Structures are given as structure tokens and as C-alpha cells.
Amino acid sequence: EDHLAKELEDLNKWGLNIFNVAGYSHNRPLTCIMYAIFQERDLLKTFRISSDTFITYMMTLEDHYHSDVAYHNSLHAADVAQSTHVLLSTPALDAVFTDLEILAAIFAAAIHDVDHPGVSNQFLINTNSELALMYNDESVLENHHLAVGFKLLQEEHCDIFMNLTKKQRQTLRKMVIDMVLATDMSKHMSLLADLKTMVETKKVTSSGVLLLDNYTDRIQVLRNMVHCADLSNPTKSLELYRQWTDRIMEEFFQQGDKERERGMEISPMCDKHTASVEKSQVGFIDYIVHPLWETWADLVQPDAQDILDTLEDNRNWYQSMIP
């Protein structure tokens, strides 16, 4: 309608408000934004992806995210895809990525938490869940998110990559898997350390554009870009960041309830009777989000200085909300 179109004017911008697009799209944010992103990039024409086939795949995919989960629903997927779309345009990365790589990073973002149950890998591992048994306690949710996303591409009416070459399907699949598995927070530190090393040896053209030699370097940046997009909520406007905070805290607190019922040890940050929503965000920004975005800012300087200023401002707002 007229409201959705106005909101989509900010499709290529960090200030896009995904909750508004959700309200104006019959509550199908992921389908909406994926279609918008794909048209915007000429990806359908480039990969001969049929419009019908693409829409059907996206609606089914959206349907497999759970609507009764506070945070890990289709809104978050849609947020990570849209933010990955903006990050792919950073001036410092101009013309560095093939269209297959661009295609893989946005697809990875869309499917990256599909069928999320609203509990963490640790919880699934400690309750001897079927998912943890299937996956041997290693990146349990992430392996599953990839398995569901690639499973939906198997049926004929839903295979959006059919017109890619065999070689292209193969290379995309390797990159996608790499990206979703990189969203597993137990790998954050190794990822952050490896990204710092890549900044140290950073090489550019006269145009202030990054020089990535081989595949290894390009996928290292995409891995990190998707991970930053996933941990991007504290970098968005404060009003958006606070909506995301309430949604994740709700999900974490419902996990502390499930744990207390089962008589398990309550995880302190998931404990609604003891944890501060305000301290949780400061600690999250100081030890995880800032160190990551600071390093990303260095890689693409000064393209992300605004995001970093906003992050610092949001961190200080949460700090002031602690007495």
C-alpha cells in the first residue's frame, strides 16, 4: 500500500524500520523484504529465478520460523537479510563480491534462524533433545537452520537455484553453510580474532576499496558481515534497539522458566528474578558488539563510523537506565 512503499524508500538504508514493513505486509516481513532486495539487485534476472518460484519458497521459509517465539521469528530473519543487504553496499566493498557471493550472503541471512525453537544450543544439549543428539552437540541450531533451508529447495516448485550451473549451486552451498555456521556464538571469538588479523594485513586500491586476493579472504568477510548483521540490533536507532531488546529478553526469560520447571540449573542471564535487562545490554555491548563493530569499522573505514557512534550512544542510554 502507500505506507509500505514509503517505508521501502529506506530499503538501502540502515534506518529502515522492519516492524513497520511487517505491519504493512500481512505480517510477512521476510517475504516482503526478500522480494524487495532481490528486485533492487536484479538478482532474479541475473540468476533466472522465476518470480513465482521465488515467492513460494520465501513464504514457505517464513512459515517455518515460529510466530510464537519472541525474538527468533521471521522479523529477525528479515532484519538480518535487510542489514546484510546494506552492508554489501558499503563503499569500501564496492565491486569486491561476485553476484553469486552477494546472492549467497542475502540467502544465508534469510534462512539463518529458520525453525528456531526459542531456546539456546546449551539448553538443547542439557535436556538431551533430539536436535542435540542428531548434531552431536556441535552448532546444533545452526546445522538445523541450514538443513531446513536447503531442504525446502529440494521440491521442484520451490527450487529457486535451478537455473544456476551445477558449479554455481555447489559454490553457493559451500558459502551459505559457512555463513550460517558462523552465526553460532561459540565461534564469535575465533571469528573476531581472525577478522582483526585481516585488518592488520588490509590492502586497498587508490579508490579506498578493499583488495581481497582469493575465495578464502572474500568468505572470511561475508562470514563476518552476516555475523555483524545478526548482532546489529544495538547499532540501530534507539527506538528500534529497545523493541529488539524486549523481544530477546522475553525469549531468554521464558527459557529460564522452562529451566526452573525442569529443576535444571538456571542460567543467570535467563533468570527473570535476578537479571537486569539494563546491565545485560551494557555487558553485551562492551564485551561482544562493540569489539566486533569496532573491528568491522576499521575494515571499512570510515563507512561505519555512524553505526559506531549510534552504538556508543545506545550503550550510554542503557547505562543511564541503571541507578
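By rigid core we mean the largest C-alpha set that fits within 1.5 Å across both forms. In case it trips you up, residue 1 is the first one in the sequence shown, and so on.
In a rigid core superposition of the other structures in 8 other deposited structures of this protein, 177-185 and 150-158 differ in how far their CA atoms stray, and the farther one is 150-158. The segment moving more, judged by mean Cα distance from this form in 8 other deposited structures of this protein after a core overlay, is 206-214 among 206-214 and 193-201. Between 140-148 and 167-175, the higher mean Cα B-factor belongs to 167-175. Higher average CA B factor: 209-217, of the stretches 177-185 and 209-217. In the deposited entry, the Cα temperature factor of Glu156 sits in the top third of values across the chain's modelled residues.
Among the modelled residues of its chain, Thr201 has a C-alpha B-factor that falls in the highest third according to the deposited record. Among the modelled residues of its chain, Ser267 has a C-alpha B-factor that falls in the highest third according to the deposited record. Per the deposited record, the Cα B-factor of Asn27 falls in the highest third when ranked against the other modelled residues of its chain. When all modelled residues of the chain are sorted by CA temperature factor, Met34 is found within the middle third.
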